[PDB]
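# sequence first, structure after; it's an experimental one.
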Amino acid sequence: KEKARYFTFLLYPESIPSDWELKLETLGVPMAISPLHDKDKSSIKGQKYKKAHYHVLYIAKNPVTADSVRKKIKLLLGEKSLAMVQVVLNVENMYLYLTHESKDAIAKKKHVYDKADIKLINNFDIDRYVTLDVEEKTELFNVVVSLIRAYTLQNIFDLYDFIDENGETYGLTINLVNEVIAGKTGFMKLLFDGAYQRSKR
Amino acid sequence: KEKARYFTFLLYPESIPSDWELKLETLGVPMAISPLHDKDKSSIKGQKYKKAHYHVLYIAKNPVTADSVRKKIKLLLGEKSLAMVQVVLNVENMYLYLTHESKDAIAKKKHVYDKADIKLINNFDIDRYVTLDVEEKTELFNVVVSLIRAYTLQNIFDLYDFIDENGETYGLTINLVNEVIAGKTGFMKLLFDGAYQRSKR
Amino acid sequence: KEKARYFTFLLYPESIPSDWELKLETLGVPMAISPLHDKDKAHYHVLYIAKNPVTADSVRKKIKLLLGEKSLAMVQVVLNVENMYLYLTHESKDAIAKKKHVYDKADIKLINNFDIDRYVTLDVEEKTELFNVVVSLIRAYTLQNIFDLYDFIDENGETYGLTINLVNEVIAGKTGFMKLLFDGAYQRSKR
Amino acid sequence: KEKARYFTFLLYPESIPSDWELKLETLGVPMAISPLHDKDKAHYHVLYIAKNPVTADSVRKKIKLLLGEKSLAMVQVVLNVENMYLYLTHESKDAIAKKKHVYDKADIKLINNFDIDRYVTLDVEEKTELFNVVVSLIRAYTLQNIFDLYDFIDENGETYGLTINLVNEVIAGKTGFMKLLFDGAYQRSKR
Amino acid sequence: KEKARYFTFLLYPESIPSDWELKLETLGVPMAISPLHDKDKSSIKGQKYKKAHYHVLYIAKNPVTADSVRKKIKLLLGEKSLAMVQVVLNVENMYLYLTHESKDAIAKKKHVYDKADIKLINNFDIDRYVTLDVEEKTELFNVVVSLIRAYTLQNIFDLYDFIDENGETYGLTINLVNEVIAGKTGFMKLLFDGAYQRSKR
Amino acid sequence: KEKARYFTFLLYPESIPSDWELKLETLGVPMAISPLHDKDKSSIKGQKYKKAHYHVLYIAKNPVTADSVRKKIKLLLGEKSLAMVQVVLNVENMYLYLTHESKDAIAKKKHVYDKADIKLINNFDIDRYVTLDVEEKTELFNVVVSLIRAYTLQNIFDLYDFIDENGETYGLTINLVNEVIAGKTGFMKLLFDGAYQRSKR
Ligand SMILES: [Ba+2]
Ligand SMILES: [Ba+2]
Ligand SMILES: [Ba+2]
Ligand SMILES: [Ba+2]
Ligand SMILES: [Ba+2]
Ligand SMILES: [Ba+2]
Ligand SMILES: [Ba+2]
Ligand SMILES: [Ba+2]
Ligand SMILES: [Ba+2]
Ligand SMILES: [Ba+2]
Ligand SMILES: [Ba+2]
Ligand SMILES: [Ba+2]
Ligand SMILES: [Ba+2]
Ligand SMILES: [Ba+2]
Ligand SMILES: [Ba+2]
Ligand SMILES: [Ba+2]
Ligand SMILES: [Ba+2]
Ligand SMILES: [Ba+2]
Ligand SMILES: [Cl-]
Ligand SMILES: [Cl-]
Ligand SMILES: [Cl-]
Ligand SMILES: [Cl-]
Ligand SMILES: [Cl-]
Ligand SMILES: [Cl-]
Ligand SMILES: [Mn+2]
Ligand SMILES: [Mn+2]
Ligand SMILES: [Mn+2]
Ligand SMILES: [Mn+2]
Ligand SMILES: [Mn+2]
Ligand SMILES: [Mn+2]
């Protein structure tokens, strides 16, 4: 059958032990658990809210079979805990989808939840799953350049500060400016020398 | 088998979900999708136009196997969505080939489509994937040198400014000067120190 | 073909010279040898630390020639050193969960000054995490050079997870980037 | 397994599509194609310039898929580009010495803006020769920066074998070393 | 087969020209030649000492094949000079083993020879071929840091001087500090800038 | 049979065309030809000088058989030109041996000739055959350090100058200092900064 690392599935509060949150920790795999979903618009007649459930993002350590994860949770939480496991094609999406903040979920105007009710098991960090491919770097690098040139930023700090305010405007966060100007260090020096000399005239 | 970043393949409107354009977005990979191909001269007897189809240009983030992308789309859009995935040798061509405006496609006098019906998923920008073959770089580098020497440009800025005006004259745009002087950083420093010392006398 | 520093493999008392423990020493590479495994045929687990990235098969041969072609038939690349080492006494997480026979830490044979504390580096994704931290730090407290940063570390290290030899391991190669940060701070302190 | 930029191979008119000349263009790599060789079976010699170091077999496949598996069966790595190019018209030194039939330079098919003048670099041992020269020069005439050196080159280039784009090709990567030389000269001019 | 830099092999006085010691010099490779081995305990019945022989430690300049060195010596000294060439895994050991002072040789209580009868051809210096395994470097590097920090050494010289006096205390000799701070150049600059700024306050 | 790149052999003025020096050039291989040997002490009774001859150092472009070179010269210069071809084990030696300035030739107190009468065919340069193996570099590097430290040389020039005078004392020539401090650029900077600061106090 098929194998993969990224899975997702549903957990209903009614069908799971009261210590599930700890029982899942025991698997030693990283997971992300949605805030509780208790506000999903039910197209069912005479009912506003779908039964309450949790979405679980589950990250095997090695390529395995969907059914291997099915069993592993049935044994952990009882056979009535889950009945449907799916392979995650894109992790970033399925994760935003936890709070209905993914592109598909906003376009279907679904109820938005709170990022803070998200339960991170086993040091799960979404970023250790979001890579910034080559071409994306150099794009932004040129941006950082247009920026340092435009606003005559004279050092790594002034740039950082500028980012702190207008970050979202150009798509930039601090740890991204750090990831971007990685290794381009020398080039950066050139840009600040430039700006600094220019501010002088 | 083989691994690579650049792929292409075919999508038939009849075999794909009505939300495919969004489903592909979910993969978080950049793609370029042809205008609809509904005008391809069919050498089949009794038929003017090949079945209607879409060409998809697909840019993995990391070298992967053709079959890995086959599966990924079969699961996304249904096993009847594609049956043939190919490795793209030249991105620039296979992209022009989307509107039958590539050299091969003009020489086979194939129906030309409209550039504007091209669907760009995930901030795909063709300019990202065309890059200066080696010899091209060093040519221009020598140019940037003739330039910094000739006009006594004393820093990355003055050079940039000069480029802003006389760019086309020498073939240079800003993001090209950036692509060119990549890694030659050190060498650049030498040139500016030169110019700056020289302006002083 | 793959190259790496960390390997492991099996040695059977029946198939090895009676002076193997010394013969391995001769390779001048650091190794850790399990207590004898006789409670799982009796065998030894060997943790082997090349000095330079090499091929699994290069180590296969090197031991076949050293101890005889019947000494080992399977060499593996070690992904995590800390684990594969605990696994020597079946005290690794995987080995406790499979309730395997636990051995004695003291029967472990350390060849060529092998010290487990040594081969613990930061996996990639860990370095850059901390690097960003060192940045948030140098930015926040306007540290103007490698020293002021060091000092700051000396006091509030544990707060941010940093020790001196970690700051050193972290800012490895990021040298240039660091220069940018101090120039920054120093200019900023001036205004 | 070996990687390189420069390859050559054979194409037989009998085994290739009638649009091959265009099909090769599609690869977006620069090539030089011999006039037809029918005076030595009739064949074409192809000079092929990968954009990045790759494996001979990677190019084998790439052409088998492009032109059909019967198009080529032998791909070779080009050691010297200038020669293998002259060898297209049997005007290379080896080909004149074996008195082989000479063809016409004009029947040569240049795909994708291939220009022979482009792929002539300095072999290793040649660079460092000249580098030492640039050093003897910067030392001798106390040139105090990349400019003064450039200027000097502009006048006495031919004397030492140097042109500007060669000084650029030479001092490639030796950047740092160059800095040392100018600091030197500049300090020395001061005394 | 295999390529490597470090080899060893045997030379019998009976089978070699009387000018061998000079003939080997001619190869322009560094070698170390054992004192004469004429005292090796022979397990052969009726004989105390193995035939007399020399051990040769041979250091190619570039990775080559064992057989390439076999030939090279057969041609130099005659085909009856050597019949067995081996790749040296550890140079430091195989060198001590020249005087039977290696760990293996002491444990097998073999006859110990004199260090002074060792013939060094072509400026062979054992210290050249013993080198700090990775972890060893970085240990000492941190030391050099603790040092430059502790005593506020403001440049490569002051550090050097300090080493000249208190070397042994920290395990450091000059050519070791040089071997250690190899490539860490940049990092070193940071440390001196630090110290120097700090001395100012 | 055996194959190799480096050969040597003898040419007698009496047995060779008067245009030999040009005929050899025609082979397009690099060679080095001794000054004329007309002063070799003949152990023959009643004769001071061996018949006059030339030594030829010959560098095939590809591994070939000694006999292949035998023929190639017999056809070029006539079958009476040479009767003995040998494989060169060490090029540097066999070349010094051209003027009897090799170690073996000095030890046999043989007549020394003039380096300038050496005939270099086809751009033969002995150095393109003399490599400086790793350990040799770093040895000398430490030397350059002991030197820059000792004499407080404050820049690449002062070092160069010092080399010009005391070169041979430490084994150093200019193009060797250049080959040595290759890539160690940064480290060098450290040394000059050091010296320069130190001269100030
Ligand atoms: Ba219940
Ligand atoms: Ba309702
Ligand atoms: Ba990341
Ligand atoms: Ba992304
Ligand atoms: Ba903010
Ligand atoms: Ba349908
Ligand atoms: Ba571009
Ligand atoms: Ba404009
Ligand atoms: Ba050791
Ligand atoms: Ba092009
Ligand atoms: Ba004898
Ligand atoms: Ba040493
Ligand atoms: Ba002392
Ligand atoms: Ba005659
Ligand atoms: Ba006599
Ligand atoms: Ba050389
Ligand atoms: Ba040498
Ligand atoms: Ba002199
Ligand atoms: Cl960096
Ligand atoms: Cl760069
Ligand atoms: Cl570093
Ligand atoms: Cl460069
Ligand atoms: Cl260095
Ligand atoms: Cl350099
Ligand atoms: Mn939901
Ligand atoms: Mn089509
Ligand atoms: Mn076991
Ligand atoms: Mn031909
Ligand atoms: Mn012995
Ligand atoms: Mn002679």
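Looks like it came in fine. Numbering: from 1, shown residues only, chains lettered A, B, ... in the order given. Ligands and ions are numbered 1, 2, ... in the order given.
# if we go by neighbour counts, what in the one helix or strand residue A:145 maps to is buried?
Here residue A:145 is covered by helix A:134-150, with elements defined by DSSP states H and E. Buried residues in helix A:134-150, counting neighbours by 16 or more other Cβ atoms under 10 Å in any protein chain shown, are found at A:135-141, A:143-145, A:147-149. (Each C-beta comes from the backbone N, C-alpha and C, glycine too.)
# check stretch A:156-165 too.
Buried-residue list, stretch A:156-165, by 16+ other Cβ under 10 Å: A:156-160, A:162-163.
# between these, which is closest to ligand 19?
Nearest to ligand 19, judged by Cβ to the ion, of those is residue A:156 at 11.4 Å.
# how near is the closest one to residue A:74?
According to Cβ to Cβ, to the nearest Å, residue A:156 and residue A:74 sit 53 Å apart.
# can you redo the buried residues of stretch A:156-165 as a markdown table with secondary structure?
As requested, the buried residues of stretch A:156-165 are exported to a markdown table (DSSP: H, G, I helix; E, B strand; the rest coil):
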| residue | secondary structure |
| --- | --- |
| A:156 | helix |
| A:157 | helix |
| A:158 | helix |
| A:159 | helix |
| A:160 | helix |
| A:162 | helix |
| A:163 | helix |
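# ok, so of those, who is nearest chain E?
Set against chain E, the nearest of those by Cβ to the nearest Cβ is residue A:156 (14.7 Å).
# my read is that the closest one contacts residue A:191, right?
No: in this structure, residue A:156 is not within contact of residue A:191 by Cβ atoms under 8 Å, at 10.1 Å.
# quick check: closest non-adjacent residue to the closest residue to chain E within chain A.
Closest to chain E within chain A is residue A:185: 9.8 Å, counting by Cβ to the nearest Cβ. Leaving aside its sequence neighbours, residue A:185 sits nearest to residue C:176 (Cβ to Cβ, 6 or more residues apart in numbering or on different chains; 3.4 Å).
# residue contacts, that neighbour?
Neighbouring residues of residue C:176 by Cβ atoms under 8 Å, 6 or more residues apart in numbering or on different chains: A:185-186, A:189, E:186.
# and chain A, what are its domains?
With domains defined by curated CATH domains, chain A comprises A:1-134, A:135-201.
# longest strand anywhere in chain A?
Ranked by residue count under DSSP state E, the longest strand found in chain A is strand A:54-64.
# return the distance of it from the chain's centre.
A distance of 14 Å separates the centroid of the chain from that of strand A:54-64, by Cα atoms, centre = their mean, to the nearest Å.
# swap in stretch A:108-117?
Centre-to-centre, stretch A:108-117 and its host chain are 14 Å apart (Cα atoms, centre = their mean).
# and that stretch, end to end?
Start to finish, the residues bounding stretch A:108-117 are 22 Å apart (Cα to Cα, to the nearest Å).
# and if you look at stretch A:78-90?
Its start and end residues considered, stretch A:78-90 measures 28 Å (Cα to Cα).
# OK, now which residue of chain A is nearest to chain D?
Closest approach between chain A and chain D, counting by Cβ to the nearest Cβ: residue A:186, at 9.9 Å.
# check for me that that residue belongs to a helix.
Yes: counting by three-state DSSP, one finds residue A:186 located in a helix.
# ligand 19 versus that one, what's the distance?
Computed with Cβ to the ion, to the nearest Å, the distance linking residue A:186 and ligand 19 is 9 Å.
# which element is residue A:104 on?
Using DSSP H and E, residue A:104 sits within helix A:103-107.
# with chain B as the reference, measure out to the residue most central in space within chain A.
Centroid-nearest residue in chain A: residue A:126, 4.1 Å away (criterion: Cα atoms, centre = their mean). Distance from residue A:126 to chain B, counting by Cβ to the nearest Cβ, to the nearest Å: 12 Å.
# for that residue, give its distance to ligand 23.
39 Å.
# and residue A:84, by the same measure?
Counting by Cβ to the ion, the gap from residue A:84 to ligand 23 is 59 Å.
# again, but for residue A:136
33 Å.
# residue A:132 now?
Residue A:132 is 31 Å from ligand 23, where distance means Cβ to the ion.
# sec struct for that residue, please.
In three-state terms, and counting by three-state DSSP, residue A:132 is coil.
# before we move on, what SS does residue A:10 have?
Secondary structure assignment for residue A:10 (three-state DSSP): strand.
# next, residue A:80: secondary structure please.
Going by three-state DSSP, the state assigned to residue A:80 is coil.
# so which residue of chain A comes closest to ligand 20?
Counting by Cβ to the ion, chain A gets nearest ligand 20 through residue A:187, at 4.0 Å.
# torsion angles phi and psi at residue A:31?
Main-chain torsions, residue A:31, degrees, to the nearest 10: phi -140, psi 160.
# cheers, nothing more for now.
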